Structures are given as C-alpha cells and as structure tokens.
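**Q** Input start_32.txt, format and content: compact mmCIF, C-alpha atoms and all ligand atoms.
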```
# COMPACT_ATOMS: atom_id res chain seq x y z
CA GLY H 18 -5.81 6.39 7.04
CA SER H 19 -5.26 5.89 3.31
CA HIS H 20 -6.11 3.36 0.63
CA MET H 21 -2.45 2.46 0.12
CA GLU H 22 -1.91 1.89 3.85
CA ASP H 23 -5.02 -0.30 4.05
CA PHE H 24 -3.74 -2.33 1.10
CA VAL H 25 -0.27 -2.78 2.62
CA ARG H 26 -1.79 -4.14 5.85
CA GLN H 27 -3.95 -6.73 4.05
CA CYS H 28 -1.21 -7.65 1.53
CA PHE H 29 1.87 -8.31 3.69
CA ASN H 30 2.06 -10.30 6.88
CA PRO H 31 2.06 -8.33 10.16
CA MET H 32 5.70 -9.06 10.98
CA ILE H 33 6.79 -7.47 7.68
CA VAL H 34 4.54 -4.44 8.19
CA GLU H 35 5.96 -3.94 11.69
CA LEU H 36 9.58 -4.08 10.51
CA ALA H 37 8.81 -1.61 7.72
CA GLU H 38 7.21 0.83 10.15
CA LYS H 39 10.25 0.60 12.42
CA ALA H 40 12.67 1.07 9.52
CA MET H 41 10.75 4.07 8.19
CA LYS H 42 10.29 5.80 11.55
CA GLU H 43 13.99 5.16 12.21
CA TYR H 44 14.73 7.51 9.27
CA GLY H 45 12.13 10.17 10.03
CA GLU H 46 9.52 8.94 7.53
CA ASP H 47 5.93 8.23 8.58
CA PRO H 48 4.22 5.20 6.97
CA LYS H 49 0.85 6.95 7.22
CA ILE H 50 2.01 9.83 4.99
CA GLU H 51 4.69 8.40 2.69
CA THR H 52 2.47 5.43 1.87
CA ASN H 53 4.19 4.64 -1.44
CA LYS H 54 7.54 4.26 0.33
CA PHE H 55 5.66 2.18 2.91
CA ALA H 56 4.65 -0.31 0.20
CA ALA H 57 8.20 -0.33 -1.20
CA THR H 58 9.72 -0.97 2.22
CA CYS H 59 7.38 -3.93 2.75
CA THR H 60 8.13 -5.25 -0.75
CA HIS H 61 11.88 -4.90 -0.28
CA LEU H 62 11.65 -6.59 3.14
CA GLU H 63 9.65 -9.58 1.92
CA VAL H 64 12.00 -10.04 -1.04
CA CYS H 65 15.05 -10.15 1.23
CA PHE H 66 13.32 -12.71 3.43
CA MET H 67 12.19 -14.89 0.52
CA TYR H 68 15.77 -14.60 -0.78
CA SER H 69 17.31 -15.82 2.49
CA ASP H 70 14.71 -18.62 2.48
CA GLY H 71 15.96 -19.85 -0.90
CA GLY H 72 19.37 -20.99 0.28
CA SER H 73 20.47 -23.65 2.73
CA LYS H 74 19.71 -23.59 6.46
CA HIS H 75 22.67 -21.43 7.54
CA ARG H 76 23.72 -19.84 4.25
CA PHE H 77 22.58 -16.21 4.58
CA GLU H 78 23.14 -13.78 7.44
CA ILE H 79 20.15 -11.43 7.15
CA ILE H 80 21.26 -7.80 7.52
CA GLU H 81 18.05 -6.09 6.46
CA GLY H 82 15.28 -5.78 9.05
CA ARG H 83 17.61 -5.04 11.96
CA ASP H 84 18.08 -1.59 13.44
CA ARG H 85 20.92 0.49 12.02
CA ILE H 86 23.57 0.10 14.72
CA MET H 87 22.93 -3.63 15.20
CA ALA H 88 23.03 -4.14 11.42
CA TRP H 89 26.47 -2.53 11.31
CA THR H 90 27.46 -4.63 14.33
CA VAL H 91 26.74 -7.80 12.36
CA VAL H 92 28.64 -6.36 9.37
CA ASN H 93 31.75 -5.65 11.47
CA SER H 94 31.59 -9.21 12.81
CA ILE H 95 31.25 -10.73 9.34
CA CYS H 96 34.18 -8.62 8.15
CA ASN H 97 36.46 -9.61 11.03
CA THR H 98 35.35 -13.25 10.74
CA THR H 99 36.10 -13.91 7.07
CA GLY H 100 38.33 -10.94 6.23
CA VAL H 101 36.21 -9.31 3.51
CA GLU H 102 36.25 -5.54 3.08
CA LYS H 103 33.83 -3.46 5.12
CA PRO H 104 31.33 -1.94 2.67
CA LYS H 105 30.58 1.77 2.77
CA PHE H 106 26.81 1.16 2.60
CA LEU H 107 24.68 -1.27 4.57
CA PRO H 108 23.94 -4.41 2.51
CA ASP H 109 20.91 -6.70 2.84
CA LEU H 110 22.48 -10.15 3.22
CA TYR H 111 25.78 -11.93 3.53
CA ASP H 112 26.34 -15.21 1.69
CA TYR H 113 28.40 -17.58 3.82
CA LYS H 114 28.63 -20.00 0.88
CA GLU H 115 30.11 -17.45 -1.57
CA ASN H 116 31.63 -15.11 1.07
CA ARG H 117 30.14 -11.86 -0.17
CA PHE H 118 27.63 -9.24 0.90
CA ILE H 119 24.52 -8.90 -1.27
CA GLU H 120 22.52 -5.79 -2.15
CA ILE H 121 18.93 -6.60 -3.12
CA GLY H 122 16.93 -4.16 -5.22
CA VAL H 123 13.30 -4.09 -6.26
CA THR H 124 12.64 -1.55 -9.00
CA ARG H 125 9.82 -0.35 -11.23
CA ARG H 126 12.11 0.59 -14.15
CA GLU H 127 14.56 -1.34 -16.30
CA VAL H 128 16.72 -3.64 -14.19
CA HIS H 129 19.63 -2.14 -16.15
CA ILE H 130 18.74 1.40 -15.08
CA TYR H 131 18.48 0.53 -11.37
CA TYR H 132 21.54 -1.72 -11.56
CA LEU H 133 23.60 1.15 -13.00
CA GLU H 134 22.50 3.49 -10.22
CA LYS H 135 23.29 0.90 -7.54
CA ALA H 136 26.52 -0.41 -9.08
CA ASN H 137 27.95 3.11 -9.39
CA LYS H 138 26.71 4.18 -5.96
CA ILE H 139 28.12 1.13 -4.16
CA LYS H 140 31.64 1.34 -5.65
CA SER H 141 32.83 -1.46 -3.36
CA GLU H 142 33.48 -4.06 -6.12
CA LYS H 143 33.22 -6.91 -3.59
CA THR H 144 29.49 -6.48 -2.85
CA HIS H 145 27.31 -8.69 -5.04
CA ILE H 146 24.26 -7.03 -6.60
CA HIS H 147 20.91 -8.62 -7.46
CA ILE H 148 17.96 -6.63 -8.81
CA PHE H 149 14.36 -7.75 -9.21
CA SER H 150 11.62 -5.90 -11.07
CA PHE H 151 7.82 -5.88 -10.99
CA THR H 152 7.73 -7.40 -14.51
CA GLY H 153 9.63 -10.66 -13.95
CA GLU H 154 13.10 -9.43 -14.90
CA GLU H 155 16.26 -9.81 -12.85
CA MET H 156 19.91 -8.83 -13.23
CA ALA H 157 22.84 -9.93 -11.07
CA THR H 158 26.57 -9.35 -10.86
CA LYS H 159 28.69 -11.59 -13.13
CA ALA H 160 25.39 -13.19 -14.23
CA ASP H 161 25.74 -15.13 -10.93
CA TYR H 162 22.20 -15.35 -9.53
CA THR H 163 23.20 -17.09 -6.24
CA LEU H 164 19.99 -19.09 -5.82
CA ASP H 165 18.36 -21.80 -7.89
CA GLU H 166 15.84 -20.97 -10.59
CA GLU H 167 12.82 -22.12 -8.55
CA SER H 168 13.55 -19.72 -5.69
CA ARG H 169 14.08 -16.74 -7.99
CA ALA H 170 10.90 -17.59 -9.90
CA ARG H 171 8.84 -17.47 -6.70
CA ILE H 172 10.05 -13.95 -5.93
CA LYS H 173 9.18 -12.76 -9.45
CA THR H 174 5.69 -14.27 -9.17
CA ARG H 175 5.16 -12.55 -5.81
CA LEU H 176 6.25 -9.20 -7.26
CA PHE H 177 3.77 -9.54 -10.13
CA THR H 178 1.00 -10.49 -7.70
CA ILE H 179 1.66 -7.28 -5.74
CA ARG H 180 1.58 -5.29 -8.99
CA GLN H 181 -1.82 -6.73 -9.97
CA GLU H 182 -3.29 -6.13 -6.53
CA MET H 183 -2.31 -2.44 -6.62
CA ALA H 184 -3.78 -1.98 -10.11
CA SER H 185 -7.09 -3.57 -9.09
CA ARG H 186 -7.15 -0.87 -6.40
CA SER H 187 -5.93 1.75 -8.93
CA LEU H 188 -2.79 2.32 -6.84
CA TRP H 189 -0.16 1.00 -9.25
CA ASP H 190 0.15 4.15 -11.38
CA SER H 191 1.08 6.53 -8.56
CA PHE H 192 3.28 3.78 -7.10
CA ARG H 193 5.27 3.33 -10.33
CA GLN H 194 5.63 7.11 -10.74
CA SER H 195 6.73 7.75 -7.14
CA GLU H 196 10.08 5.98 -7.55
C1 LIG H 201 6.20 -17.86 10.99
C2 LIG H 201 6.79 -17.46 9.64
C3 LIG H 201 7.58 -16.16 9.79
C4 LIG H 201 8.87 -16.22 8.97
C5 LIG H 201 9.71 -14.98 9.28
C6 LIG H 201 11.02 -14.95 8.48
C7 LIG H 201 11.72 -13.59 8.63
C8 LIG H 201 12.73 -13.50 9.79
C9 LIG H 201 12.04 -12.99 11.06
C10 LIG H 201 12.77 -11.90 11.86
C11 LIG H 201 12.94 -12.41 13.29
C12 LIG H 201 12.52 -11.35 14.30
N1 LIG H 201 13.65 -10.79 15.04
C13 LIG H 201 13.63 -9.47 15.68
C14 LIG H 201 15.09 -9.09 15.89
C15 LIG H 201 15.78 -10.42 16.11
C16 LIG H 201 14.96 -11.40 15.30
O1 LIG H 201 15.35 -12.46 14.95
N2 LIG H 201 14.06 -11.46 11.31
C17 LIG H 201 14.27 -10.18 10.65
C18 LIG H 201 15.76 -9.91 10.68
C19 LIG H 201 16.40 -11.29 10.66
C20 LIG H 201 15.35 -12.17 11.35
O2 LIG H 201 15.57 -13.24 11.81
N3 LIG H 201 13.37 -14.77 10.09
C21 LIG H 201 13.30 -15.46 11.37
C22 LIG H 201 13.87 -16.87 11.15
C23 LIG H 201 14.69 -16.78 9.87
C24 LIG H 201 14.21 -15.52 9.18
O3 LIG H 201 14.45 -15.21 8.06
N4 LIG H 201 10.80 -15.25 7.07
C25 LIG H 201 11.62 -16.19 6.28
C26 LIG H 201 10.80 -16.53 5.04
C27 LIG H 201 9.95 -15.31 4.80
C28 LIG H 201 9.77 -14.69 6.17
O4 LIG H 201 8.93 -13.91 6.46
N5 LIG H 201 9.60 -17.45 9.27
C29 LIG H 201 10.21 -17.81 10.58
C30 LIG H 201 11.15 -18.99 10.27
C31 LIG H 201 10.64 -19.61 9.02
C32 LIG H 201 9.87 -18.54 8.32
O5 LIG H 201 9.52 -18.57 7.18
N6 LIG H 201 5.73 -17.28 8.67
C33 LIG H 201 4.35 -16.90 8.98
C34 LIG H 201 3.53 -17.31 7.76
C35 LIG H 201 4.50 -17.18 6.60
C36 LIG H 201 5.85 -17.46 7.23
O6 LIG H 201 6.84 -17.77 6.65
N1 LIG H 202 14.69 6.21 3.61
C1 LIG H 202 15.12 4.92 4.11
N2 LIG H 202 14.23 3.99 4.41
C2 LIG H 202 14.62 2.77 4.88
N3 LIG H 202 15.94 2.49 5.07
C3 LIG H 202 16.82 3.43 4.78
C4 LIG H 202 16.44 4.66 4.29
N4 LIG H 202 17.68 5.47 4.07
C5 LIG H 202 18.65 4.58 4.46
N5 LIG H 202 18.11 3.45 4.84
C6 LIG H 202 18.91 2.32 5.32
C7 LIG H 202 20.12 2.05 4.42
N6 LIG H 202 19.66 1.94 3.05
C8 LIG H 202 19.26 0.65 2.51
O1 LIG H 202 19.31 -0.31 3.20
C9 LIG H 202 18.77 0.56 1.06
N7 LIG H 202 18.73 1.74 0.30
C10 LIG H 202 18.30 1.73 -1.02
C11 LIG H 202 18.28 3.04 -1.82
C12 LIG H 202 19.52 3.14 -2.66
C13 LIG H 202 20.27 4.36 -2.19
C14 LIG H 202 19.53 4.87 -0.93
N8 LIG H 202 18.23 4.17 -0.88
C15 LIG H 202 17.10 4.52 -0.03
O2 LIG H 202 16.86 5.65 0.22
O3 LIG H 202 16.28 3.51 0.49
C16 LIG H 202 15.21 3.15 -0.34
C17 LIG H 202 14.49 1.95 0.28
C18 LIG H 202 13.21 2.03 0.56
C19 LIG H 202 12.50 0.83 1.18
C20 LIG H 202 13.16 -0.28 1.43
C21 LIG H 202 14.65 -0.37 1.10
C22 LIG H 202 15.26 0.67 0.57
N9 LIG H 202 17.88 0.50 -1.64
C23 LIG H 202 17.91 -0.66 -0.92
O4 LIG H 202 17.50 -1.86 -1.52
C24 LIG H 202 18.36 -0.65 0.47
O5 LIG H 202 18.38 -1.85 1.18
MN MN H 203 19.17 -2.61 2.89
MN MN H 204 18.33 -3.47 -0.74
```
Would you mind writing the structure in this file as structure tokens?
**A**
Amino acid sequence: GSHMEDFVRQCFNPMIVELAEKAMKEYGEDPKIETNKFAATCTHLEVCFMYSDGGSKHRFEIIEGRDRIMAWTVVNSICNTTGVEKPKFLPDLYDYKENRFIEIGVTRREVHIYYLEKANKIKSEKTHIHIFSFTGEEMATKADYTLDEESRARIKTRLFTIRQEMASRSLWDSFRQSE
C-alpha cells in the first residue's frame, strides 16, 4: 500500500473509511492510488457526521455518505415536502429547523478563497454554505453558523488533530499542496 493509506485506516473509524472507498470508487477514483483525495474524502465525511451530531435528534437529514441516486432521491423528497428549490448540485445536509440545504467544505486555503469558489459554483442562493479549515477558521452564509459554538469548536479541534498527525508522518505538505 502507501503511507497515506495506512494513516487513513488508523486515523478514521472503519465505517468512515468504507463510505469513502465507496464514494471514490463510485466516481472512478481508487483510494489506493489517489491517497490524498482518500484522506480528504474521509475528512469531509467525518465533518458532515460531526455536524449532523451537533443539532437536535431529528434536525439534519444527512445527504452525504449515500450513493448518488439515493442521495438525489432524498433531495427530491425534501424538495416536494417543504417546497424549497431543487439545487443543481448535491448538498451534504438538509436543516429541518431552518429549512435549507447545507454545503459543507473542508479546505486547506483561506476560508474566503474556498467560499468564493463554492458560492459562485453553487449559484442556487437558497443553499446555505459552511466552510471549515485545517487552521481553526470557519465561514458561513449570512454569518449564520447553524450550530452552537461548542459543536463547531469540536470540529475545528478534530481538523487540527488530523493536520498534526499527518505532519508527524511528514504527509501534511503533499496533502496541502494536492488541493
Ligand atoms: C457507533 C457510532 C457510529 C456513528 C455513525 C454516525 C454516522 C451515520 C452512519 C451511517 C449509517 C449507515 N447506513 C448505510 C446506508 C443507510 C444507513 O443508515 N450513515 C451515513 C449516511 C447517513 C447515515 O445514517 N449515522 C447513523 C445514525 C445517525 C448518523 O449520523 N455518526 C454520527 C456521529 C459521527 C458518526 O460517525 N453513530 C451511530 C449513531 C450515533 C453515532 O454517533 N460510533 C462508533 C464510535 C464513534 C461513534 O460515534
Ligand atoms: N471526485 C468525487 N469524489 C467524491 N464525490 C464526488 C466526486 N465528484 C462528485 N462527487 C459527488 C458530488 N460532489 C460533492 O458532494 C462535493 N464536491 C466538492 C467539490 C466542489 C466541486 C466539485 N468537488 C469535488 O470534486 O469533490 C471533492 C470532494 C472530495 C472528497 C470529499 C467531498 C468532496 N466539495 C464537497 O464538499 C462535496 O460534498
Ligand atoms: Mn457532498
Ligand atoms: Mn461538501
């Protein structure tokens, strides 16, 4: 295998690793080759799941982690349930409390840079955007951060723990440059 793949398997829990493998193979990418994107898929997955964990019991409909056609099935149902507009791109969550889809981003640049790319690419206006970084920074639409401070602070801490673990294994440099 590879050093990055070995690190991913001992860093994330097996359920996350399995969902990342499925999501990567579903789009023609092999986790054993594109190991940097393998780490980023695991990171993005865990962040979405910690995010959904931060709300109430039945607040978030998780979209990420499902297969493509079932994910769009849940989106069509949410749209016909509440009446919100069907987004052009697959989001990560839906907030039943605020009635909006959420796109979650985990970047290795300025949260402003990645927000600008995502906000211009989405072009749906209704989809709420929330970006985390590997340095503790976050940016969200209308400065509305959805969750309480304690839940967001846990995610940031986890991201920085992943960053330190990669550097100890001298993997962080190629990982930050691969994005
Ligand atoms: C035991 C516990 C594991 C976590 C798992 C949970 C993520 C997520 C799990 C899967 C369900 C699998 N599939 C396959 C298709 C149908 C389907 O449903 N997916 C992915 C798509 C949506 C979904 O449901 N789920 C399940 C319940 C709610 C949820 O979000 N979460 C949430 C926090 C971080 C994390 O990983 N659980 C289970 C419930 C409580 C909990 O925390 N562990 C092990 C040690 C650490 C830990 O937390
Ligand atoms: N190569 C593919 N690997 C898995 N899933 C893929 C994929 N191509 C498409 N999908 C499914 C639909 N896209 C997303 O869900 C999605 N995309 C994006 C960005 C922004 C523009 C395109 N993009 C992209 O290429 O994915 C990057 C990526 C990598 C790991 C984990 C999540 C995302 N950032 C999201 O935070 C996100 O959730
Ligand atoms: Mn997604
Ligand atoms: Mn996302």
**Q** Between H:110, H:34, H:28, H:183, which residue has the minimum interatomic distance to residue 67 of chain H, considering all atoms listed in the file?
**A** H:110
**Q** Rounded to one decimal, what separation in Å do you get between atom CA of residue 120 of chain H and atom MN of ligand MN 204 (chain H)?
**A**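 These atoms are spaced 5.0 Å apart.
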**Q** For ligand LIG 202 (chain H), collect every residue having any atom at a distance of at most 6 Å from a ligand atom (counting all atoms listed in the file); output as a ChimeraX atom specification.
**A** /H:40-41,44,57-58,61,107,109,121-122
**Q** Can you work out which one of H:70, H:63, H:115, H:46 has the shortest atom-to-atom distance to residue 167 of chain H, counting all atoms listed in the file?
**A** H:70
**Q** Go through H:19, H:152, H:99, H:27 one by one, measure the shortest atom-to-atom distance of each to residue 118 of chain H using only C-alpha atoms, and give the residue with the smallest value.
**A** H:99
**Q** If I take atom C27 of ligand LIG 201 (chain H) and atom CA of residue 66 of chain H, how far is one from the other in Å, to one decimal?
**A** 4.5 Å
**Q** Expressed in Å to a single decimal, how great is the separation between atom CA of residue 111 of chain H and atom CA of residue 90 of chain H?
**A**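 Rounded to one decimal, the two atoms are 13.1 Å apart.
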**Q** Of the candidates H:59, H:43, H:104, H:182, which shows the shortest atom-to-atom distance to residue 31 of chain H, using only C-alpha atoms?
**A** H:59
**Q** Can you work out which residues are within 12 Å of ligand LIG 201 (chain H), considering all atoms listed in the file, and then hand them over as a PyMOL selection string?
**A** chain H and resi 29-37+39-40+59-85+87-88+91+109-111+168+171-172+175
**Q** Could those residues be written to a file, using C-alpha atoms, as a PDB file, in the frame of the given file?
**A**
```pdb
ATOM      1  CA  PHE H  29       1.870  -8.310   3.690  1.00  0.00           C
ATOM      2  CA  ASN H  30       2.060 -10.300   6.880  1.00  0.00           C
ATOM      3  CA  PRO H  31       2.060  -8.330  10.160  1.00  0.00           C
ATOM      4  CA  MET H  32       5.700  -9.060  10.980  1.00  0.00           C
ATOM      5  CA  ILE H  33       6.790  -7.470   7.680  1.00  0.00           C
ATOM      6  CA  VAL H  34       4.540  -4.440   8.190  1.00  0.00           C
ATOM      7  CA  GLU H  35       5.960  -3.940  11.690  1.00  0.00           C
ATOM      8  CA  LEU H  36       9.580  -4.080  10.510  1.00  0.00           C
ATOM      9  CA  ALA H  37       8.810  -1.610   7.720  1.00  0.00           C
ATOM     10  CA  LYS H  39      10.250   0.600  12.420  1.00  0.00           C
ATOM     11  CA  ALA H  40      12.670   1.070   9.520  1.00  0.00           C
ATOM     12  CA  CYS H  59       7.380  -3.930   2.750  1.00  0.00           C
ATOM     13  CA  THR H  60       8.130  -5.250  -0.750  1.00  0.00           C
ATOM     14  CA  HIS H  61      11.880  -4.900  -0.280  1.00  0.00           C
ATOM     15  CA  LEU H  62      11.650  -6.590   3.140  1.00  0.00           C
ATOM     16  CA  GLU H  63       9.650  -9.580   1.920  1.00  0.00           C
ATOM     17  CA  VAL H  64      12.000 -10.040  -1.040  1.00  0.00           C
ATOM     18  CA  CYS H  65      15.050 -10.150   1.230  1.00  0.00           C
ATOM     19  CA  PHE H  66      13.320 -12.710   3.430  1.00  0.00           C
ATOM     20  CA  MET H  67      12.190 -14.890   0.520  1.00  0.00           C
ATOM     21  CA  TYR H  68      15.770 -14.600  -0.780  1.00  0.00           C
ATOM     22  CA  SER H  69      17.310 -15.820   2.490  1.00  0.00           C
ATOM     23  CA  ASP H  70      14.710 -18.620   2.480  1.00  0.00           C
ATOM     24  CA  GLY H  71      15.960 -19.850  -0.900  1.00  0.00           C
ATOM     25  CA  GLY H  72      19.370 -20.990   0.280  1.00  0.00           C
ATOM     26  CA  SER H  73      20.470 -23.650   2.730  1.00  0.00           C
ATOM     27  CA  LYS H  74      19.710 -23.590   6.460  1.00  0.00           C
ATOM     28  CA  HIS H  75      22.670 -21.430   7.540  1.00  0.00           C
ATOM     29  CA  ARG H  76      23.720 -19.840   4.250  1.00  0.00           C
ATOM     30  CA  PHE H  77      22.580 -16.210   4.580  1.00  0.00           C
ATOM     31  CA  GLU H  78      23.140 -13.780   7.440  1.00  0.00           C
ATOM     32  CA  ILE H  79      20.150 -11.430   7.150  1.00  0.00           C
ATOM     33  CA  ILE H  80      21.260  -7.800   7.520  1.00  0.00           C
ATOM     34  CA  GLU H  81      18.050  -6.090   6.460  1.00  0.00           C
ATOM     35  CA  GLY H  82      15.280  -5.780   9.050  1.00  0.00           C
ATOM     36  CA  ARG H  83      17.610  -5.040  11.960  1.00  0.00           C
ATOM     37  CA  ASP H  84      18.080  -1.590  13.440  1.00  0.00           C
ATOM     38  CA  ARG H  85      20.920   0.490  12.020  1.00  0.00           C
ATOM     39  CA  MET H  87      22.930  -3.630  15.200  1.00  0.00           C
ATOM     40  CA  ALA H  88      23.030  -4.140  11.420  1.00  0.00           C
ATOM     41  CA  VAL H  91      26.740  -7.800  12.360  1.00  0.00           C
ATOM     42  CA  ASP H 109      20.910  -6.700   2.840  1.00  0.00           C
ATOM     43  CA  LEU H 110      22.480 -10.150   3.220  1.00  0.00           C
ATOM     44  CA  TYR H 111      25.780 -11.930   3.530  1.00  0.00           C
ATOM     45  CA  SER H 168      13.550 -19.720  -5.690  1.00  0.00           C
ATOM     46  CA  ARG H 171       8.840 -17.470  -6.700  1.00  0.00           C
ATOM     47  CA  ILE H 172      10.050 -13.950  -5.930  1.00  0.00           C
ATOM     48  CA  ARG H 175       5.160 -12.550  -5.810  1.00  0.00           C
TER      49      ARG H 175
END
```
**Q** Using all atoms listed in the file, which residue out of H:162, H:89, H:113, H:55 lies closest to ligand MN 203 (chain H)?
**A**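 Closest to ligand MN 203 (chain H), using all atoms listed in the file: H:89.
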**Q** Within 10 Å of residue 147 of chain H, counting all atoms listed in the file, which residues show up once you throw out same-chain ones fewer than 5 positions away? Write them as a ChimeraX atom specification, please.
**A** /H:119-123,128,132,135,155-158,160-163
**Q** Would you please work out which residue, of H:117, H:166, H:131, H:106, is nearest to ligand MN 203 (chain H) when using all atoms listed in the file?
**A** H:106
**Q** Can you report as JSON the centre and edge lengths in Å, to one decimal, of an axis-aligned box around the listed atoms of segment 125-139 of chain H padded with 6 Å on each side?
**A**
```
{"center_x": 19.0, "center_y": 0.3, "center_z": -10.2, "size_x": 30.3, "size_y": 19.8, "size_z": 24.1}
```
**Q** Neighbours of residue 159 of chain H within 12 Å (all atoms listed in the file; same-chain residues fewer than 4 positions away dropped), as a ChimeraX atom specification?
**A** /H:142-147,163
**Q** For segment 64-85 of chain H, supply N, CA, C and O atoms and format the output as a PDB file, keeping the file's coordinate frame.
**A**
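Dumped to out.pdb:
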```
ATOM      1  N   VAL H  64      11.109  -9.460  -0.040  1.00  0.00           N
ATOM      2  CA  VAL H  64      12.000 -10.040  -1.040  1.00  0.00           C
ATOM      3  C   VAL H  64      13.281 -10.524  -0.380  1.00  0.00           C
ATOM      4  O   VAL H  64      13.735 -11.649  -0.621  1.00  0.00           O
ATOM      5  N   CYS H  65      13.862  -9.702   0.498  1.00  0.00           N
ATOM      6  CA  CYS H  65      15.050 -10.150   1.230  1.00  0.00           C
ATOM      7  C   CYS H  65      14.765 -11.417   2.021  1.00  0.00           C
ATOM      8  O   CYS H  65      15.601 -12.328   2.066  1.00  0.00           O
ATOM      9  N   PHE H  66      13.579 -11.524   2.620  1.00  0.00           N
ATOM     10  CA  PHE H  66      13.320 -12.710   3.430  1.00  0.00           C
ATOM     11  C   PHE H  66      13.050 -13.935   2.561  1.00  0.00           C
ATOM     12  O   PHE H  66      13.516 -15.032   2.885  1.00  0.00           O
ATOM     13  N   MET H  67      12.297 -13.785   1.469  1.00  0.00           N
ATOM     14  CA  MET H  67      12.190 -14.890   0.520  1.00  0.00           C
ATOM     15  C   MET H  67      13.556 -15.291  -0.021  1.00  0.00           C
ATOM     16  O   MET H  67      13.857 -16.486  -0.129  1.00  0.00           O
ATOM     17  N   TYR H  68      14.412 -14.308  -0.315  1.00  0.00           N
ATOM     18  CA  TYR H  68      15.770 -14.600  -0.780  1.00  0.00           C
ATOM     19  C   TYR H  68      16.517 -15.474   0.217  1.00  0.00           C
ATOM     20  O   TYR H  68      17.009 -16.549  -0.142  1.00  0.00           O
ATOM     21  N   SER H  69      16.617 -15.029   1.479  1.00  0.00           N
ATOM     22  CA  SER H  69      17.310 -15.820   2.490  1.00  0.00           C
ATOM     23  C   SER H  69      16.683 -17.204   2.640  1.00  0.00           C
ATOM     24  O   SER H  69      17.383 -18.165   2.962  1.00  0.00           O
ATOM     25  N   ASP H  70      15.378 -17.324   2.384  1.00  0.00           N
ATOM     26  CA  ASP H  70      14.710 -18.620   2.480  1.00  0.00           C
ATOM     27  C   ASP H  70      15.111 -19.556   1.349  1.00  0.00           C
ATOM     28  O   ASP H  70      14.926 -20.771   1.471  1.00  0.00           O
ATOM     29  N   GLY H  71      15.649 -19.021   0.250  1.00  0.00           N
ATOM     30  CA  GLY H  71      15.960 -19.850  -0.900  1.00  0.00           C
ATOM     31  C   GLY H  71      17.212 -20.679  -0.768  1.00  0.00           C
ATOM     32  O   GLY H  71      17.363 -21.674  -1.483  1.00  0.00           O
ATOM     33  N   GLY H  72      18.114 -20.296   0.127  1.00  0.00           N
ATOM     34  CA  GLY H  72      19.370 -20.990   0.280  1.00  0.00           C
ATOM     35  C   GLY H  72      19.262 -22.187   1.204  1.00  0.00           C
ATOM     36  O   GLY H  72      18.189 -22.761   1.413  1.00  0.00           O
ATOM     37  N   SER H  73      20.406 -22.564   1.766  1.00  0.00           N
ATOM     38  CA  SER H  73      20.470 -23.650   2.730  1.00  0.00           C
ATOM     39  C   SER H  73      19.949 -23.165   4.079  1.00  0.00           C
ATOM     40  O   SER H  73      19.328 -22.102   4.188  1.00  0.00           O
ATOM     41  N   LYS H  74      20.203 -23.946   5.132  1.00  0.00           N
ATOM     42  CA  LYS H  74      19.710 -23.590   6.460  1.00  0.00           C
ATOM     43  C   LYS H  74      20.492 -22.420   7.048  1.00  0.00           C
ATOM     44  O   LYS H  74      19.902 -21.502   7.630  1.00  0.00           O
ATOM     45  N   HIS H  75      21.813 -22.425   6.903  1.00  0.00           N
ATOM     46  CA  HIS H  75      22.670 -21.430   7.540  1.00  0.00           C
ATOM     47  C   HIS H  75      23.512 -20.693   6.517  1.00  0.00           C
ATOM     48  O   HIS H  75      24.678 -20.365   6.767  1.00  0.00           O
ATOM     49  N   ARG H  76      22.937 -20.416   5.343  1.00  0.00           N
ATOM     50  CA  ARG H  76      23.720 -19.840   4.250  1.00  0.00           C
ATOM     51  C   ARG H  76      23.793 -18.316   4.335  1.00  0.00           C
ATOM     52  O   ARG H  76      24.858 -17.734   4.117  1.00  0.00           O
ATOM     53  N   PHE H  77      22.675 -17.663   4.635  1.00  0.00           N
ATOM     54  CA  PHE H  77      22.580 -16.210   4.580  1.00  0.00           C
ATOM     55  C   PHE H  77      22.462 -15.628   5.984  1.00  0.00           C
ATOM     56  O   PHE H  77      21.630 -16.072   6.785  1.00  0.00           O
ATOM     57  N   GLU H  78      23.295 -14.635   6.272  1.00  0.00           N
ATOM     58  CA  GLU H  78      23.140 -13.780   7.440  1.00  0.00           C
ATOM     59  C   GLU H  78      22.300 -12.581   7.018  1.00  0.00           C
ATOM     60  O   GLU H  78      22.771 -11.724   6.260  1.00  0.00           O
ATOM     61  N   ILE H  79      21.052 -12.533   7.482  1.00  0.00           N
ATOM     62  CA  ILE H  79      20.150 -11.430   7.150  1.00  0.00           C
ATOM     63  C   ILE H  79      20.650 -10.155   7.819  1.00  0.00           C
ATOM     64  O   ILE H  79      20.810 -10.101   9.042  1.00  0.00           O
ATOM     65  N   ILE H  80      20.896  -9.124   7.014  1.00  0.00           N
ATOM     66  CA  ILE H  80      21.260  -7.800   7.520  1.00  0.00           C
ATOM     67  C   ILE H  80      20.062  -6.871   7.545  1.00  0.00           C
ATOM     68  O   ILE H  80      19.907  -6.079   8.477  1.00  0.00           O
ATOM     69  N   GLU H  81      19.219  -6.946   6.521  1.00  0.00           N
ATOM     70  CA  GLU H  81      18.050  -6.090   6.460  1.00  0.00           C
ATOM     71  C   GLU H  81      17.029  -6.518   7.507  1.00  0.00           C
ATOM     72  O   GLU H  81      16.928  -7.697   7.859  1.00  0.00           O
ATOM     73  N   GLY H  82      16.272  -5.544   8.017  1.00  0.00           N
ATOM     74  CA  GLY H  82      15.280  -5.780   9.050  1.00  0.00           C
ATOM     75  C   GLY H  82      15.759  -5.487  10.455  1.00  0.00           C
ATOM     76  O   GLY H  82      14.926  -5.293  11.346  1.00  0.00           O
ATOM     77  N   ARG H  83      17.068  -5.451  10.678  1.00  0.00           N
ATOM     78  CA  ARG H  83      17.610  -5.040  11.960  1.00  0.00           C
ATOM     79  C   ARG H  83      17.725  -3.521  12.030  1.00  0.00           C
ATOM     80  O   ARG H  83      17.731  -2.823  11.014  1.00  0.00           O
ATOM     81  N   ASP H  84      17.831  -3.011  13.254  1.00  0.00           N
ATOM     82  CA  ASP H  84      18.080  -1.590  13.440  1.00  0.00           C
ATOM     83  C   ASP H  84      19.503  -1.248  12.988  1.00  0.00           C
ATOM     84  O   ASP H  84      20.383  -2.111  12.905  1.00  0.00           O
ATOM     85  N   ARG H  85      19.717   0.041  12.712  1.00  0.00           N
ATOM     86  CA  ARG H  85      20.920   0.490  12.020  1.00  0.00           C
ATOM     87  C   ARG H  85      22.194   0.038  12.733  1.00  0.00           C
ATOM     88  O   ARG H  85      23.074  -0.584  12.125  1.00  0.00           O
TER      89      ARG H  85
END
```
